[PDB]
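Structural overview for review
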Amino acid sequence: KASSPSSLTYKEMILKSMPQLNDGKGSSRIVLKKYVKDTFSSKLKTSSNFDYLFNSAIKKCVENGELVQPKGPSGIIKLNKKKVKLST
């Protein structure tokens, strides 16, 4: 894999869980967290820094360009397919 991740980190899991979920109207920050914690229960540590880092990793995802957050945290996460305007 090109630029392969060392492991399935938050950024990686949040990414893949999104398409793996039903189209719907995207994937809620709620449902995404529910999916990853449930599915990756025997893989994701979920020791203590899950709740905080989950959202923090989502912040990386929105900056990434792949994830879009129209209404931000109080908004259902949606897949983006257009890079945000780069300020010269």
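Structure determination for this entry is recorded as solution NMR.

1. Considering the environment of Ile14
Tracing the backbone through its elements, the reader meets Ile14 in helix α1 (residues 10–20). Assessed through its relative accessible area of 1%, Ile14 is described here as buried. Once residues lying within four places of it in the same chain are set aside, the contact partners of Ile14 are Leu32, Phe54, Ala57, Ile58, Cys61 and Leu67.

2. Points about the packing of aromatic side chains
Evaluation of the coordinates by the stated rule reveals two aromatic pairs. Consider the rings of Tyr10 and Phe50, whose centres lie 5.9 Å apart with planes at 40 degrees: the pair is tilted. Pair noted here: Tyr10 is in helix α1 and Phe50 is in the loop between α2 (29–39) and α3 (51–64), with a separation of 40 residues, a long-range link. Owing to a relative accessible area of 15%, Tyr10 belongs among the buried residues under this scheme. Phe50 gets classed as buried once you look at its relative accessible area, which sits at 3%. A centroid spacing of 5.6 Å and a plane angle of 40 degrees characterise the contact between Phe50 and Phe54, whose relative ring orientation is tilted.

3. Considering the side chain of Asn80
Examined against the element boundaries, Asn80 turns out to sit in the segment after β2 (78–79). Only 2.6 Å separates the side chain of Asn80 from the backbone oxygen of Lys82, close enough to count as a polar contact. Leave out the neighbours within four places in its chain, and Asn80 touches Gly65, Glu66, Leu67 and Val68.

Each value, and the rule that gives it
- Residues numbered from 1 in each chain as written, not as in the entry; some residues may be left out.
- Heavy atoms only, no water.
- Helix = DSSP H or I, 4+ residues; strand = E, 2+ residues; numbered from the N terminus.
- Buried < 20%, exposed > 50% of the residue type's maximum accessible area, 1.4 Å probe, protein only.
- Contact = heavy atoms within 4.5 Å.
- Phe/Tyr/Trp six-rings, centres within 6.5 Å; stacked < 30°, edge-to-face > 60°.
- Polar contact = N/O pair within 3.5 Å; in protein donor to acceptor, adjacent residues only side chain to side chain.

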